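Reading through the C-alpha cells given below for one structure.
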Amino acid sequence: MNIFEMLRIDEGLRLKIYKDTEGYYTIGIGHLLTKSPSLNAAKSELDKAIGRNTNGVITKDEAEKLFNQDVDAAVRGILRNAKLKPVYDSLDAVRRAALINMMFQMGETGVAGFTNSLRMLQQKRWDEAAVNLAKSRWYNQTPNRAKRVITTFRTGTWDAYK
Ligand SMILES: [Cl-]
Ligand SMILES: [Cl-]
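Structure (C-alpha cells):
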C-alpha cells in the first residue's frame, strides 16, 4: 500500500464531472474543479486543466495525470508550510501518508485548523491525537474516511485500508 492506492480508495474514480460530498464540481480522482455553483465554470476549469475541449468528460489517463499532479502538490504544500513541515518530518512513512490524505482532501487551510491534533501527533501521543482529530466537522461530515485516516495515525499500519 501507498499514498496513491490509499487516496484512490478514498476518493474513487469518475470520468465525468460530478459533485463531491460538499456539492462541488469535481472529476477524476477527487480533483476539485471549482466551488462555483456554475457548471459552465466547471467545464471551463476542466478544459483549462486538461488542455483541450473535453465537454465534461476525460480519459483514465487524463484522470491519472491530474492525480499525480495533485499528490505532488499536496506534498509540496506540506513541505512549504512552516507549521506543517515539522510535523510531517517527525512522522514515520505510514503516518505521513495519513497527513498527505488530509491535506489532499482539505487543503492547507482545513489542515491548519487541526493545530492541536498536530501537536499531539508531533509528540507521538497516538490515542490522544485520534480522540482530538475526531472532534471536528471533518469527522462528523465524512465519518468512514475520517475513521480510516485516524486509525492510520493511531496505529502506524494500513489495517484500515486492508
Ligand atoms: Cl490543474
Ligand atoms: Cl466517509
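Just so it is clear: in the sequence shown, position 20 is 15 by the numbering used here, and no numbers are missing. All C-beta atoms in this analysis are idealised placements derived from N, C-alpha and C, irrespective of residue type, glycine included.
Per DSSP, the beta bridge partners of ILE22 are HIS26. In the DSSP secondary-structure assignment, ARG9 is bridged to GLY23. The alpha carbon of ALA107 has as its nearest neighbour, out of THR146, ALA77, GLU17, the alpha carbon of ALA77.
Relative to ligand 2, even the nearest heavy atom lies 7 Å or more away from the CB of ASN48. Set against 7 Å, the gap from the CB of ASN139 to the closest heavy atom of ligand 2 is smaller. For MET97, the enclosing alpha helix (DSSP H) starts and ends at 88 to 107.
Inter-segment contact for the region 59 to 77 and the region 111 to 119 is absent: fewer than three beta-carbon pairs are separated by less than 8 Å.
At the C-beta level, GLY51 and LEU41 come within 8 Å of one another.
Every residue with a CB closer than 7 Å to a heavy atom of ligand 1 is listed here in chain order: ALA44, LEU61, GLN64. DSSP, reduced to helix, strand and coil, places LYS130 outside both helices and strands of the structure shown, so it counts as coil.
Spatial neighbours of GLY7 in its own chain (CB-CB distance under 8 Å, excluding positions within 5 residues in sequence) are listed in chain order as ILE24, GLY25.
Scanning its chain for C-beta atoms nearer than 7 Å, with the 5 sequence neighbours on each side dropped, one finds around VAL144 the residues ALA93, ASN96, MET97, in chain order. Residue pairing by DSSP puts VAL52 in a beta bridge opposite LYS11.
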